[PDB]
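What follows is a single structure, written as structure tokens, with notes after it.
Residue numbers (the deposited numbering): 1 to 153.
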């Protein structure tokens with residue numbers, strides 16, 4: 001798993017996220033949607049947004065970004081014993097929304113990009129590697145649950 005020092009670096013940069021969860025959420029989603037427009041098709045209420053300008057001005061989108069990063073934060077803070085926080089997310093993403101693991105990879109990259117962009121001083125080489133492992137563990141445990149839930153995934 002991750003070392004205590006790796007989790008410290010994950011939690012340190014997540015500190016920066018929580019100081020402005022909305023702005024971070026908004027930037028992560030925008031990065032995801034602009035990098036991987038197919039992901040936007042999964043969002044009934046957002047997929048009419050054609051441009052970055054439109055995405056930035058969307059309050060719905062910023063609200064959802066907060067929702068996403070709030071749930072992820074709760075998982076990250078559990079540092080590897082996150083079963084309980086992970087369970088309802090795997091559940092909804094496997095039945096209600098059907099989010100392929102590949103899309104979770106895209107959003108992981110989007111998060112790492114935004115974190116490197118906004119907080120390079122709190123997100124150097126070791127920390128980027130620790131966050132990489134952290135998000136990998138998230139996707140890995142989501143996948144394991146997807147399997148039980150009958151979604152591939």
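Built from N, CA and C at the ideal position, the CB exists for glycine as well.
Between the region 7-20 and the region 71-81, the count of C-beta pairs closer than 8 Å reaches three or more; the two stretches touch. Boundaries for residue 97: no alpha helix (DSSP H) harbours it, and the DSSP string shows neither H nor E there.
Residue 43 holds the alpha-carbon nearest to the alpha-carbon of residue 93 among 133, 6, 43.
Put simply, of 70, 119, 19, 111 the residue whose alpha carbon is nearest the alpha carbon of residue 35 is 111. At least 9 Å separates the beta-carbon of residue 65 from that of residue 116.
Setting aside the 5 residues that flank it on each side, residue 39 is surrounded in the same chain by 32, 33, 103, 106, each with a C-beta closer than 7 Å to its C-beta; the list follows chain order. In the three-state reduction of the DSSP assignment, residue 19 falls in the coil class.
Relative to residue 113, the option among 140, 30, 6, 3 whose CA is nearest is 30. With a cut-off of 8 Å on Cβ pairs, the region 82-91 is in contact with the region 133-151, counting three or more such pairs. Collapsing the DSSP output to three states places residue 133 in a helix.
If you check the CB distance, residue 69 and residue 17 come in under 9 Å. Residue 95 and residue 126 have their C-alpha atoms roughly 36 Å apart. One thing to note: residue 145 has its Cβ no nearer than 9 Å to the Cβ of residue 71.
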